[PDB]
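Notes for the one structure printed next.
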Amino acid sequence: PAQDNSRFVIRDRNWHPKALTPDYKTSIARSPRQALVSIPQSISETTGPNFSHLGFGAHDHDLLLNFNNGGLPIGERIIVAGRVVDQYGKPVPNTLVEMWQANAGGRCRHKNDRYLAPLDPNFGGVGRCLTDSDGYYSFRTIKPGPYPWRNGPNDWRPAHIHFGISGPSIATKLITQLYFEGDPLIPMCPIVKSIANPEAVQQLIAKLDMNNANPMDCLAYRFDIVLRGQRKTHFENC
Amino acid sequence: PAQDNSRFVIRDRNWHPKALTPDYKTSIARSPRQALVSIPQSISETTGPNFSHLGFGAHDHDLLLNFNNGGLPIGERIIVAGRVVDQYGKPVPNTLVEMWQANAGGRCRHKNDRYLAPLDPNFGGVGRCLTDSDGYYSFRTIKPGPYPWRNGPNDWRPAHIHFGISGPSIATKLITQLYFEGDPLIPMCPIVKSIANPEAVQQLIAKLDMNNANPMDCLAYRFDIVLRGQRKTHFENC
Amino acid sequence: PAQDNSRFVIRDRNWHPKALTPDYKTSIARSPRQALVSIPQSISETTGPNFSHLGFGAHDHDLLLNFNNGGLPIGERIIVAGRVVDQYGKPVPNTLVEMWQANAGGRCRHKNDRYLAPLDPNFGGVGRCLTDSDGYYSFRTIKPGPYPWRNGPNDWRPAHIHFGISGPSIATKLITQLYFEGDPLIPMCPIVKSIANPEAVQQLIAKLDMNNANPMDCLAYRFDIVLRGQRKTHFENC
Amino acid sequence: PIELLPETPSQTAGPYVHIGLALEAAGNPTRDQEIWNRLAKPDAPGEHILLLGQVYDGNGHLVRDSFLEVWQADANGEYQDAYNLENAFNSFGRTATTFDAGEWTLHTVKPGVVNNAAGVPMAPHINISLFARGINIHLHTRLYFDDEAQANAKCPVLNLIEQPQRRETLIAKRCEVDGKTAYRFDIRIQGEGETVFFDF
Amino acid sequence: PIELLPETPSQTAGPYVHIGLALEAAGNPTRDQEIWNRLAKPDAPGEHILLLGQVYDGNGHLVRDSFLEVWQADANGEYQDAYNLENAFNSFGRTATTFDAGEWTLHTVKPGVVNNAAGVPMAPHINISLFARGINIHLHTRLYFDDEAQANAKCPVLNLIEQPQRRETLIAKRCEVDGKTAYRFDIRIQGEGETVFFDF
Amino acid sequence: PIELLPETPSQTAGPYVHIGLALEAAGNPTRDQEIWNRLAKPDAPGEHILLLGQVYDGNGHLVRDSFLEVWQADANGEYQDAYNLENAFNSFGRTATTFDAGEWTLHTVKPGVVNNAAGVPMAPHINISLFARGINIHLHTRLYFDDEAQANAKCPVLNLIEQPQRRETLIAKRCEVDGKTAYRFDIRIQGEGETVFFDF
Amino acid sequence: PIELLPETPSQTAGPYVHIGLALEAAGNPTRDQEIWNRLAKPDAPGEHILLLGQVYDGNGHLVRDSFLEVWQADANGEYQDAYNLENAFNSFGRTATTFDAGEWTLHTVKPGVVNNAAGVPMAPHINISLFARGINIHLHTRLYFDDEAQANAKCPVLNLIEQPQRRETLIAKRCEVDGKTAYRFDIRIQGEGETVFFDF
Ligand SMILES: [Fe+3]
Ligand SMILES: [Fe+3]
Ligand SMILES: [Fe+3]
Ligand SMILES: [Fe+3]
């Protein structure tokens, strides 16, 4: 079983988006009004699941083939790859990255999305990948398109991919979103504006990576994720 | 008795800290939600107690000797001096200045403080001085240590000394805190950061004052306190 | 035994303090007048003692517990950690780091110190730690106070901790001093000012390190020490 | 426009305000002469009353670390500014609620009447400053009495509060503590029934 | 001060979080291996319990698109970190409340006692992280049991919560569902009865 | 050109260097294991010698707060880098002159010969670093022996000093202390007869 | 840090300092009232002494253009600050060494004992400031008497000088000039035997 041998750097809650961000409307009735209580780190917060033995299917990170109904998805073919490190710059090997996203027109494969852009019979939109020894992960997919949503009267979410990352503990787990370099919708989005600092928004922007693209085939973006920094305990209970 | 012959400059409520400053957690449930009701000044507001006859002991302002159990406190011996003026620069004489503070290790001599830095048996931490004819006050004490507190998970108060100042009326009374020049914990504090304008923060930073130090003995710091300007009434009720 | 297979980068004698720096009074009569005689490195210079087998007690590096007379010292509890590398950035493992310092009040536990701040009965002021495989060392102590000394008529040493570092040879051995971020007494000191280049002064300033602090317990400081770069000999005596 | 020197900013008083301004209440040794909660000596003129109350936060929980400073006229309506421990009446005092005492008390006389700057009488009142941990800048209120409804109805200050129901929050309820005339004045910092606070 | 690289900032999981992580509950076809609400298989050691609840927004309406992740010790108070679908017990699991299930459910065992960093036992508990559209960064809480009153009362984590009434919002109320021992635990996001949330 | 990271700057060791590197000499309690002035145990091979000397400033006054670190070959000319208190010989040690002891001493063996990087033998010598209050960066010297005039005459290091009279300043004078073989090596920091110091 | 206005910087008094302050010694006509080398008129209390000396540069040649200013207590150890030519004793005076007088002289009384700020008696002394071409800021020193050996030895100012041999340069050597008790006090500016100078 898991041992309590690490502490995690504290979160900077003025860097992350706060809970109450009124232009993102649903945040109004879903944000606490009392202050969070701070508690020290114990074995509960410092351990978490390890997925090295989950049995991944062979196409799990390849969204051009894992849904497959006899053919390929329509849309821009792209590899989305990067590394996961901690704040000390140390790779985070064998971690689980999960990601889900729309199709080329912005439609999500879900009961409630009645957007009028159609479904793509060959695309499902889900991937998972355990990072290697070196913190690397990779997916293959199509570039999702933007979608309108019911926030203000003409709001468009920019193109995006949702990421879920586990890290070494429930203290490091994070859910975030990846945007795409140059999308002119990035700065008008209320969800992206829920992040107050413009340099915190830049880290959510995936950058075109020509170096990792397959010539005559697909482009590549690079997206690197930094999790809370991990350190050994020291001078504790004297 | 007291006469109504003074008016005081309105406070600048955007200069001072607002009541609701969420990063300082305790302020959530301790700040009103309704607006303050403004009222004209009358004799009730423009008069206040005069402390010239209060009986001061001989070591009231000397914290190196006022608690004493046959000894000197451990820590940096320092003089904290300054002048109290009003907004027009006019000196506030015979005014009560009170201060309180932790010991060299950041421990408060209060039952409620359970921090693990020990109490110093020769230090109490309270002083009071009445300003002289030119508004000067002075204290002799030891430099307080920073201390951890339960707001965020790793928040520390920079080293500080609390100050109470009467002034001439209840309209001028003010409680504040002094910080020490250079302390890197100052910009990180949520309590200092309840002050939105950085120029207002600079008024709370006591400066190293080599000209008032006693060579081979103790250093000094200079902290000037500006209270609301005082003016004669004119053209009132015709 | 020891082998001659190392050369060390020449020292930068205009980076380090010169021998004659008159504002630091004692240097007048303690600095030579003749020039240093330069000599090639040989086995005498390029080898030095290895301290891996010296027997360290358990609290050698913990100054809050190594002197002890049933108590905790009074003062700001702090961790002082950092890494020792050479000029090429290569870590210096298993190297002896020694340090010494005053108490919270600036008093040295040495017969010769007659300053009026008292001795703390639970503090001695000496620590030693041997660097780990990646060059890391760490100490736990209390933050030293500044003290007055007899150079100019009102000179004070900023708060500081002296450090001795062996390195791999007698050619890398170095004694220096650590200052604390922000201390306004730093630019006023004639000893710090024996360093002409201000960029060299910045290397002696330990930085507040919130990521290594123990919440609700002690703060930290990070001081990295760079020793002379070490290189293999090449093309020597043909 | 003309700008003067800025006033030094406020800061909260902190949990430990007792150690500096409420020595006894924090159970530390007192000095000879302390500023405390007995405004009137037994042989002072006016009606002797005991004041008491509680402080609530916005979650309906008690504020146990609060500190209050009061300023009031004597029984003949005059402000006695010369603070001295040997007077029969001082117009100023301090009190505190403690972990121990969730409740503050003050012993004084019912204040006489005073006029406003325009010559209009104000109803009898006590001026109160409240300080505590979580309060960045103190909060100013007035404590009025329910048995002075005729004067409270014509007070030029209480009439500046627009909503009648808000006026009520400043009226202390007459009662008896150990069968001695008392008034209770609780303060709500925030929420339902929130006490009116002033700016001047 | 020393600055490290900054963490990647959080964004809301969004309304369609079920497609990437609650595959079944979105009625999309699953893969061979999914992480779900069955922490313990019927033959794992311990006292088998079923947990259930609802989540509320601050208007008191139901949050039907929330997604939860739980981490608890086994009955011996040990955290099982190697996640495997063949093990009898896994310390991690995921559940969700859907348009068709206003309620989440989890099948597990009552966790055993673990100590904190100082050596002090914590009352049995389950760590919960809550994600949903509208929540920009996820919410941390702990579910505790109403039948462990004594341990709950000496819990060093529950005792950091200042106000006693706040500690109640973390206590799941025992009940029975078809002969099986169940505990309910509703979460109120905002408002009256607001569940305590943590930062660590 | 190429620039590397700069070396951390030196600082003087200060008057109080004893408290950190010369524990006994400052009359503070020692730790179990200390690095001191006995390089050789009684049964170590080589000729046993006692070294001693004084340090003078430029006004001809004694330096009583100096601290020295020495590094030398053993009797067979080998550097013993593994420091251990249980060896018969350690190639390293420290000494100090104190207010008390104006004089330092060291117990060791006369070093054997070593070659320079080019294979040329160097005369027997002891490498010395001197540190003190007023010395910003330590000062490096070598202690040679007057009874080895033939080897001193051909030392490739002593021959790099241009002026013969300057060479003499590094030659220790053989003598006897309590009728035991000793050499005296005084150092002049500055002035008339100033000891040669090196840079490497 | 708090910065005050900076002091006006010093410049050398120059070669012609005698025209503005040593009117007589430059053989220029005087005014009615000049400040000079006769501190005590022949009937002032105390032991009358004559002081004399020479000043040297660092090559050992004579400084013939120097100008001195002296400040000493009277025989009761009291400083007389109201300067008046009618008083019997003045605590201040001026002298000079000229091309024709290689020597300065002053006529005064042996000063009485004054204490320092801590209560401790200082040995009798005379404070001296020396000005001349080549000196950019003036030099402070103290003249002490060779016949007050015991007091000199407990003097808290003379005991701040570290090296005993430096303390001698401040001690004037008693002698006699035509039946009058005289003390010589040479000043060496630089070099071998360099007079101690102060900063205060
Ligand atoms: Fe405080
Ligand atoms: Fe989305
Ligand atoms: Fe030092
Ligand atoms: Fe001129």
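For neighbour counting, all protein chains shown are included, and Cβ atoms are generated from backbone atoms with ideal geometry for every residue, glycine included. Laboratory data are not the source of any read-out in this text; all were calculated from the coordinates shown.
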| field | Residue list for the stretch B:110-122, filter: crowded, with 21+ Cβ neighbours inside 10 Å and either under 16 Å from residue B:159 (Cα atoms) or touching a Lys or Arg at 6+ places or on another chain (Cβ under 6 Å) (or both) | value | B:117
| task | Considering every residue within the stretch C:57-64, establish whether at least one is of a type outside the set (D, E, K, R), under 17 Å from the mean Cα position of the chain (by Cα) and away from ligand 1 (no atom under 16 Å from the Cβ). | result | yes
| Counting only residues that are facing another protein chain (nearest Cβ under 7 Å), under 28 Å from residue F:127 (Cα atoms) and of a type in the set (D, E, K, R), how many does the stretch C:44-87 have? | 1
| query | Which one is farthest from ligand 1 (Cβ to nearest atom), of the residues in the stretch G:2-20 that are more than 14 Å from chain B (Cβ to nearest Cβ) and loosely packed, with under 10 Cβ neighbours inside 10 Å? | reply | G:11
| field | Residues satisfying the stated conditions in the stretch B:110-138, i.e. polar (S, T, N, Q) and part of a strand (DSSP E or B) | value | B:138
| Filter result for residue E:179 (facing chain A (nearest Cβ under 10 Å), over 19 Å from the mean Cα position of the chain (by Cα) and not charged (D, E, K, R)) | no
| message | Restricting to the stretch C:140-170, name every residue that is assigned to a loop (DSSP other than H, G, I, E, B), crowded, with 21+ Cβ neighbours inside 10 Å and either more than 13 Å from chain B (Cβ to nearest Cβ) or without any contact (Cβ under 8 Å) to a residue 24 or more places away in the chain (or both). | response | C:160, C:166, C:167, C:168, C:169
| query | Restricted to the stretch A:197-210, and to residues that are crowded, with 16+ Cβ neighbours inside 10 Å and free of Cβ contacts under 8 Å to residues at least 40 places away in the same chain, which residue is farthest from residue A:158 (Cα to Cα)? | reply | A:203
| request: Out of the residues in the stretch C:191-206 that are part of a loop (DSSP other than H, G, I, E, B) and among the polar types (S, T, N, Q), state the one that is nearest to the other protein chains (Cβ to nearest Cβ). | output: C:203
| message | Regarding the stretch B:178-190, can at least one residue be identified that is over 21 Å from residue B:98 (Cβ atoms), in a helix (DSSP H, G or I), more than 7 Å from every other protein chain (Cβ to nearest Cβ) and in contact with a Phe, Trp or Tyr (Cβ under 7 Å, 6 or more places away or on another chain)? | response | yes
| request: Determine which single condition residue F:24 fails, assuming it passes every other condition in (1) charged (D, E, K, R); (2) more than 10 Å from every other protein chain (Cβ to nearest Cβ); (3) buried (at least 22 other Cβ atoms within 10 Å of the Cβ). | output: (3)
| request: Tell me which of these residue E:58 doesn't satisfy, since it passes every other one: (1) touching a helix residue (DSSP H, G or I) at 6+ places or on another chain (Cβ under 9 Å); (2) buried (at least 22 other Cβ atoms within 10 Å of the Cβ). | output: (2)
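Given the structure, is residue B:124 over 30 Å from residue B:23 (Cβ atoms), touching a residue at least 24 places away in the same chain (Cβ under 8 Å) and within 8 Å of another protein chain (Cβ to nearest Cβ)?
Here the answer is yes, as residue B:124 does meet what is asked.
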| request: List the number of the failed condition for residue E:65; all other conditions in (1) more than 7 Å from chain A (Cβ to nearest Cβ); (2) touching a strand residue (DSSP E or B) at 6+ places or on another chain (Cβ under 6 Å) hold. | output: (2)
| field | Selection count where residues are closer than 22 Å to residue C:100 by Cβ and acidic (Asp, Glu), scope the stretch C:21-70 | value | 2
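Rundown of residues vs (1) more than 20 Å from residue F:44 (Cβ to Cβ); (2) in a strand (DSSP E or B); (3) within 11 Å of another protein chain (Cβ to nearest Cβ), yes/no style:
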{"site": "F:70", "(1), (2), (3)": "no, yes, yes"}
{"site": "F:77", "(1), (2), (3)": "no, no, yes"}
{"site": "F:84", "(1), (2), (3)": "no, no, yes"}
{"site": "F:101", "(1), (2), (3)": "yes, no, no"}
{"site": "F:106", "(1), (2), (3)": "no, yes, no"}
{"site": "F:117", "(1), (2), (3)": "yes, no, yes"}
| query | Does the stretch A:147-163 hold any residues that are within 10 Å of ligand 2 (Cβ to nearest atom) and out of contact with any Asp or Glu (no Cβ under 7 Å at 6 or more places or on another chain), and which are they? | reply | A:147, A:157, A:160, A:161, A:162
| query | Here are some conditions: (1) in contact with an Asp or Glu (Cβ under 7 Å, 6 or more places away or on another chain); (2) surrounded by 19 or more Cβ atoms within 10 Å (Cβ to Cβ). Residue A:194 meets all but one. Which one does it not meet? | reply | (1)
| Do we have residue D:183 as in contact with a helix residue (DSSP H, G or I) (Cβ under 6 Å, 6 or more places away or on another chain), of a type in the set (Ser, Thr, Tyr) and not in a loop (DSSP other than H, G, I, E, B) here? | no
| message | All but one of (1) free of Cβ contacts under 8 Å to residues at least 12 places away in the same chain; (2) within 16 Å of ligand 4 (Cβ to nearest atom) hold for residue G:5; state the number of the condition that does not hold. | response | (2)
| request: Filter the stretch F:31-44 for residues that are more than 10 Å from chain C (Cβ to nearest Cβ) and part of a loop (DSSP other than H, G, I, E, B) and give the result. | output: F:36, F:37, F:39, F:41, F:42, F:43, F:44
| Single unsatisfied condition, residue E:137 versus (1) closer than 21 Å to residue E:55 by Cβ; (2) in contact with a strand residue (DSSP E or B) (Cβ under 8 Å, 6 or more places away or on another chain); (3) buried (at least 17 other Cβ atoms within 10 Å of the Cβ) | (2)
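Residue by residue through the stretch A:211-230, note down the ones that are more than 10 Å from chain E (Cβ to nearest Cβ) and surrounded by 14 or more Cβ atoms within 10 Å (Cβ to Cβ). Quick ask: steps written out before the conclusion?
The initial filter retains those residues of the stretch A:211-230 that are more than 10 Å from chain E (Cβ to nearest Cβ), namely A:211-222, A:230.
Selection gives A:212, A:213, A:218, A:219, A:220, A:221, A:222, A:230.
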